[PDB]
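So you know, we letter chains A, B, ... as the sequences are listed, proteins then strands, and number each from 1. These numbers come from the heavy atoms of this one structure, side chains and all, not from hydrogens, waters or symmetry mates.
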Number of protein chains: 2
Amino acid sequence: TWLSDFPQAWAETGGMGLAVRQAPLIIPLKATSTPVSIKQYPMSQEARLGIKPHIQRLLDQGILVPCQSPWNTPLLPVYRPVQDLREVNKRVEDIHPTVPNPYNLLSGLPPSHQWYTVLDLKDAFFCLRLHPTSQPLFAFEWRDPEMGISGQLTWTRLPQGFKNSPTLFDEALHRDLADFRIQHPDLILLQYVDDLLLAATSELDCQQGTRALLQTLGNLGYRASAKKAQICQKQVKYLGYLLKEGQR
Amino acid sequence: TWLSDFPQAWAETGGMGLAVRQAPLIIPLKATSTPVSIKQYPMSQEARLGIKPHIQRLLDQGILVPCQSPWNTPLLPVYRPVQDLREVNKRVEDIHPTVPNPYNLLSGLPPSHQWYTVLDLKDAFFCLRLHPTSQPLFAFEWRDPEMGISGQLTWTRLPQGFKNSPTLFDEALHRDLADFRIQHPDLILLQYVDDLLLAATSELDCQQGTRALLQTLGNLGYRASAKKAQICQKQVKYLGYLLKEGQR
DNA sequence: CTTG
DNA sequence: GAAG
DNA sequence: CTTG
DNA sequence: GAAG
C-alpha cells in the first residue's frame, strides 16, 4: 500500500519532519530595529490548560526551547496557542513575495497531464530550522503556576504568524525539489507553500512519479498527510479548485 | 445731488420697478411634467403675523394676485416668507447657465479703468413680468384665520427661489443695456445678475457715465439702492472683492 | 488580547 | 463616532 | 417644514 | 446609522 511502502514520507509514520539539507535560517532585521518586549496578557486557567499539552509536545520535540530574550510577544488562546507576531513582523526586513497566486500557478497545468496526485505537507514551517542568532526574535512567556515555571520559550524552527514564513518555506522546498524536476521532465509539479500537485499523462506515470516524489520528500525530511493525500486520480481538489477534465 | 438728480433710478424715490421693454416671461416645462400640489404645513400665529405685512404689500403692488392653480408649493417662515419651489424647479425645463462666475467676470476689468461706480438693483427679479400662462406654476396657499380668507396666491413677476431667475434676469438686463454699451464704448460695465460695476478712466468720465447709466436704468424700469451705491470711487467693494489699485 |  |  |  |  501507499502507507507501508513509504513510511518515512508520511507524517503518520515518519515522525516530525526536519529539512536536513536546508541551512538554519537567519532573519535580517530592518536597519533601525531594536527589540520589543510586549507583556503577556494574563491567561485564564481554562486557556492555559488547553494550550499546555501543545507546549509540552513542542518542548519534547525540541521545536520550543527555554530562553532569555529582549524580545517578547504575547500568546493568545484561540484551544491552540497563537502568537501575535505583528510587532516582530514590523521590525523584520521585507523580502520579495515569490509565492505565485493560485490562479497563475494553475495556468501551468497543461491538458495533456490529467492524472493527479495532491499532497499536503504537515507542519511544513516546523521542518525549517532557525539559526540560533534569530531564535530570540520569536520569544514568548510561558508560566505554569502550579509548576513554578515562569520564563520565556522560543522557536527553533520557522514559526507560524511570521510574515516571511510562507515565502521562505516555498523557496526552500523549491531548492530541495529542483533535482526531482530535472530527473522527471515529463511530470508537472505545482508548489504552493505546503500544497503540492503532481500531474502526469497516464495513471502508470502518475504512480511512478508519486512513488519517486514520496521517496524524495521523506528523504529530504518533509512529511505529507496520508489522511489527506489524493493519489493518482483524474479528479482532485487543489487550492480550492476542483480539477476535472482539465477544467478549473 | 445724486439722489435728487435721478429720482426715477433710485428705489428710495422711484417706486417699485417694472422692466417695461421686456416681454412677460413664459416658463417652459419639461416634456413629462404635470402639476404638483404640496399641502401647506400649518403655520404658527407668530410666523403668520410676521409674514402678513409682506404679503399685503406685495398684493398692494400687484406682485401677488389671487388664483386657483393645480400647482401649490409651501411657504415657510424664516420673519419673511420663503417659498420652497424645489418641486416646481424639478419640473421646469433646464436652461444653459449664462451668468459668468465672479472670477471670470472680473478678468474683464483693465488697469486703465480705475474709477468705479457700483450699483445694486433692488427687487431685481420682481421687475420682470411673468406671462399669465406661467403664473399658476408658482402658487402657494395664504390663509388669514381671523379674516376668513383661505385660498391661493401667485406671483406676477419672476419669483425668488426659482432655479432660472438669476439667469433670466441677467439675460434680460443684458438685452436692456446693450444700447448703453454701444453709446459708451469707453466704459467698462460688468453685470452679475443685480450687481453692476461701471469702470472709467477718469473721475469725470465716471461721473458722466454714472449719470447716463442711472438715467437709462430708471427709464427702463430698474431701480438701484441709493443706500448701497458706491459712486465714482477709486476703491469699491464688488462681489466680495475689494477693488483697489487694479488689484483683486 | 490588540490592531461599514 | 478579521487576523496575529 | 422637507430634502461627517 | 445648508438651502428652498
Side-chain angles (χ1 to χ4, degrees), chain A residues 27 36-48 50-51 54-55 58 64 71-92 94 97 125-126 137-143 153-155 157-169 193, chain B residues 27 36-48 50-51 54-55 58 64 71-92 94 97 125-126 137-143 153-155 157-169 193:
Chain A
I27 305 302
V36 59
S37 186
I38 298 168
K39 215 203 170 333
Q40 173 65 55
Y41 182 86
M43 195 174 292
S44 76
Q45 180 181 277
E46 175 182 61
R48 181 168 57 259
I51 290 171
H54 300 292
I55 299 296
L58 290 165
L64 287 174
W71 302 84
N72 196 79
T73 43
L75 282 198
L76 61 136
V78 171
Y79 270 117
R80 293 82 173 210
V82 174
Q83 190 174 6
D84 181 2
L85 282 175
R86 282 174 302 169
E87 287 301 320
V88 161
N89 287 338
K90 292 183 185 178
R91 285 162 174 82
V92 168
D94 284 301
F125 296 169
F126 290 168
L137 184 55
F138 299 108
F140 61 92
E141 190 178 357
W142 183 249
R143 31 220 192 173
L153 306 175
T154 197
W155 302 92
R157 315 288 181 90
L158 195 58
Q160 299 292 329
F162 172 45
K163 64 172 178 187
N164 290 345
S165 291
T167 299
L168 293 168
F169 181 86
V193 193
Chain B
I27 305 302
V36 59
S37 186
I38 298 168
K39 215 203 170 333
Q40 173 65 55
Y41 182 86
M43 195 174 292
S44 76
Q45 180 181 277
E46 175 182 61
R48 181 168 57 259
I51 290 171
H54 300 292
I55 299 296
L58 290 165
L64 287 174
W71 302 84
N72 196 79
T73 43
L75 282 198
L76 61 136
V78 171
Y79 270 117
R80 293 82 173 210
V82 174
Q83 190 174 6
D84 181 2
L85 282 175
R86 282 174 302 169
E87 287 301 320
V88 161
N89 287 338
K90 292 183 185 178
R91 285 162 174 82
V92 168
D94 284 301
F125 296 169
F126 290 168
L137 184 55
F138 299 108
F140 61 92
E141 190 178 357
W142 183 249
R143 31 220 192 173
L153 306 175
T154 197
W155 302 92
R157 315 288 181 90
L158 195 58
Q160 299 292 329
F162 172 45
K163 64 172 178 187
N164 290 345
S165 291
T167 299
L168 293 168
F169 181 86
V193 193

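Taking atom CG on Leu137(B) and atom P on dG4(F), their separation rounds to 17 Å, with Å as the unit. In this structure, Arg86(B) places its CZ atom 7 Å from P of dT3(E), rounding to the nearest Å. Rounding to whole angstrom units, CD1 of residue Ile38(A) and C1' of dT3(C) are separated by 11 Å. At whole-Å resolution of the value, NZ in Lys90(B) and P in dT2(E) are 14 Å apart. Taking atom CD on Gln83(B) and atom P on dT2(E), their separation rounds to 17 Å, with Å as the unit. Rounded to an integer number of Å, the gap from CD of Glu87(A) to P of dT2(C) is 13 Å. As a whole-Å value, the separation of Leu85(A) CG from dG4(D) P is 10 Å. Here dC1(C) presents its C1' atom at 11 Å from CG of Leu75(A), a figure rounded to the nearest Å.
Contacts of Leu76(A) with the nucleic acid, taken as non-hydrogen atoms under 4.0 Å apart, include base atoms.
Pairing check for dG4(F) against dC1(C): the Watson-Crick or wobble criterion is not satisfied at the 3.5 Å limit.
For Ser165(B) (side chain) and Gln160(B) (main-chain N/O), no donor-acceptor pair under 3.5 Å exists by modelled atom type. Between the side chain of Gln83(A) and the main chain of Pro159(A), no donor-acceptor pair closer than 3.5 Å is present.
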Please tabulate, for the side chains in residues 36-44 of chain B, all donor-acceptor contacts under 3.5 angstrom to protein atoms that are two or more places apart in sequence or on a different chain.
from	atom 1	to	atom 2	distance (Å)
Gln40(B)	OE1	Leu75(B)	N	2.8
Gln40(B)	NE2	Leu75(B)	O	2.9
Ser44(B)	OG	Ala47(B)	N	3.1

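With sequence neighbours excluded, the residues forming a side-chain contact (heavy atoms from CB on, under 4.5 Å) with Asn164(A) are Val92(A), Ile95(A), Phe162(A), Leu168(A), listed by chain and number.
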